[PDB]
Structure formats: structure tokens, C-alpha cells
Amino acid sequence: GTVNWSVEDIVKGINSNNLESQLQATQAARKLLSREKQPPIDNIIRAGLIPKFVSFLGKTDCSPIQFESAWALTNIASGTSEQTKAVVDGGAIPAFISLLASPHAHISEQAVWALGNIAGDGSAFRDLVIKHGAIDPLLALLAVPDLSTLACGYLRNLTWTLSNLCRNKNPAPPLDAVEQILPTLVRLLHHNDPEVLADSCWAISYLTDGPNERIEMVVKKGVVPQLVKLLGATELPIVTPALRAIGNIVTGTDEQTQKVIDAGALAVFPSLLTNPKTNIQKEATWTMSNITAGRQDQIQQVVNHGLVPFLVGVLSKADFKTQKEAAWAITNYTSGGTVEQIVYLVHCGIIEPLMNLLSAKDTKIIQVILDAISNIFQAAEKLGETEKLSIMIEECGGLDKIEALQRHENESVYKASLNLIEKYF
């Protein structure tokens, strides 16, 4: 009945003086905008339909046209920035916010969805949705004794929209909006649905992606232990954002990093550092590098949890981007570690795989590795064992690489190479 109309028929119906004709034409628009292959968004916009849809959102008297127009506008708003802008320019934001209070669950849900697409465009529209007062009525929809009594699709859409209100930087969301949302987020983070859990974790990852003051707001809410629990989940879509959030937190202060250690995160790293998904290995190693950039007592926890052999493992064999994060983890470890911690590193076999990485055609990892060698030498000096170390590097082909690097395009590379050579070889 409302299948495969032309835009001109849609326009004719919507321009009729007849609410039922308008409803049928709006549903036909919804079906057009709902098809997988190239929905004619720009055609619908060019026909001048957005203002009509927006006015239909206000017809409390005709809940079906509210729904159909909400869905049509949702799909227009899901398009390019310019398409989302056309929806916002039509006055849709306050109209959708009014629909959050609808007695019809399917209509409020659609308003939630539409607002998520709008906010999802970027920080300006995100902040404009917030200024129009979206947060209170959204949070009210989740103010129930037990989340499990809500429809699953409904709760998933709400969680997703809230996560978009937490998303993007330049600038990050308003501090007071974040404080307003966080308690609900913490509660969703304890829900049992994997998709709600995944999107909640993503939201927490966005909020921890910034300066220490932002990390602190989250850490203060006591969520780190739950994040560490989620870090051990079987579902990759949960582990990925849980690990991103943990990684973000350890870019903060040593005290913030310690909360992650206290929560038990390190015991999960044997698995993460050998995870068959390369993204996970890379991000786990990145996280380790910011832990080895901390205090000597924190480095010692890395040692105690048996994680140095896992770092040697990743340095020995991994996707190259992971190997680069491992090199960083090693340079950090050697920069900040005691002599005894640094010795331990050598005994775990760090030298050969470090040397093997010197043949990389990546200038930055070479600098990083050379720096590690210097720090390791520095430690052997304090023990008067620099000759034993020189032989080791000599015996595994390390010297051939360092000597050959003396004649290298980069300046500080050739500098460090020649320095190492003359100072120790």
C-alpha cells in the first residue's frame, strides 16, 4: 500500500489537507528511507519534506504520524553531516526531546534513536542536544528499580544514545553533563546484556580519553574493578572497549594507574598479550607501556605477575605495530627501573629480539630501541658488567646492526649508534 512510492506522490500526499493522506505518504517516505540500497535522502530533503515531518512530530492527536515521521527523520539524520544538519535546521531537536515523554514506548524509543544520530554527528550537535535539555528526560527513561524490566531493544537504543552524548573531543562533553550521566552509566555497566555492556564500556572509554581531571571523574565513581572484570569477558565486543578504557586510565597519574593494578588488571595480561585478535594485542601492549612508565613499585608488579616474558614474546613475534608498542614498553621500563629490574629484563631474553628489530625500516622504533640499549648499558656500568653485555649483543648480530646504523639518514640515530659503538664497542 505504502510500498515503493515516488517522491512526488509522497509530496502530493503530505501536501493534501488530509491527515490520513499525510500519514500514508509519511509512512511511504519511511519505507523509502528504510531500504538498504541508496535511500533517496537528498531527494526527500530537496522536496522540502523535513519541516513537514518535524511538524508531524508535534501531533499528539495522531501518534502513528509521530512515529512514522520520527523514523523518517531518524534515517535522514543517520546520513552525512549535511543531511543531519538539514534535520537539525528544521527544528527537530526540541521536537524529539518533547517526544521522550511520549506514553508510547515505540515513539519515545524512536526519539531516543534520532537524538543519538544527531549527537553522533560531532561535538557541536552533541552539545546542542545537551543545551536543549535532552539529558534529564533520557535519564528519566532509565529510572526504574531493575533495568531488566525494560524492553531489550529499547534499553540498547538508550545506552547507545547516551554513549554518543559521551563521545568526541575538541571539545569533550560539558563536565556537568558528564557528572549527570555517569551514575546511570555505572549502573548500565553492571547490566547483563552484552550489547548494553559493550556500549557502556565504549562510553567510559570516551570519557577517559582526555586529561587526568577527566579520568578522575570516572575513577572516582569506583568503576575500575568492573572494567577489569569486563576485561576478562569472553565477548570481544566487550573486551575491546574495556581494554581501551583501562588503557586510557593508565595514561593518567601513577595514583590512577595504581587503581588499575589494585583492581587486579595485570593478571589478565597473559591472555591479552597473546590474544588472537591483533587489535587486542596492540592495545594491551600499549597499556603495558604506560604501566612500565610508572613507579618502580609498579614496574615490580609487572615483574611479579610474570609479564616480562610476555613482553619478550610480543617483541619476538607480533604484528609490527604491536612490536613497536612493546619496544616503548621496554624503553619505559629501562628508563624508570632499578638496576635489578633491568638485569631481570636481560635474563628474560630481551636482547636478541630487540636487536632483531633494529633491521626495521621505521625510524622511530630504531630510536626507541637504541635508547633502551643505552639504559641497559647504563645499568651494566653500575655493576661493571658492560663487557658481558657487549658480547651478548655481539653474539646475536646486534653489533653489525648498530655499527651499520652509524651511517643512517636520521641524525639522532647515527648519533646514538656511534655513541654506543665508541663507548662500549
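Counting begins at 1, following the sequence as shown.
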{"query": "Mean C-alpha temperature factor, higher of 399-407 and 14-22", "finding": "399-407"}
{"query": "122-130 versus 249-257 - greater average Cα B-factor per the deposited record", "finding": "249-257"}
{"query": "Peak C-alpha temperature factor (PDB record), options 41, 357, 28, 65", "finding": "357"}
{"query": "Selection from 50, 70, 33, 373 [criterion: highest C-alpha temperature factor in the record]", "finding": "373"}
{"query": "Chain thirds of CA B-factor: placement of residue 211", "finding": "highest"}
{"query": "Chain thirds of CA B-factor: placement of residue 332", "finding": "middle"}
{"query": "Residue 74 by Cα B-factor - lowest, middle or highest third of the modelled chain", "finding": "lowest"}
{"query": "Residue 234 - Cα temperature factor, lowest/middle/highest third of chain", "finding": "highest"}
{"query": "Residue 352 - Cα temperature factor, lowest/middle/highest third of chain", "finding": "highest"}
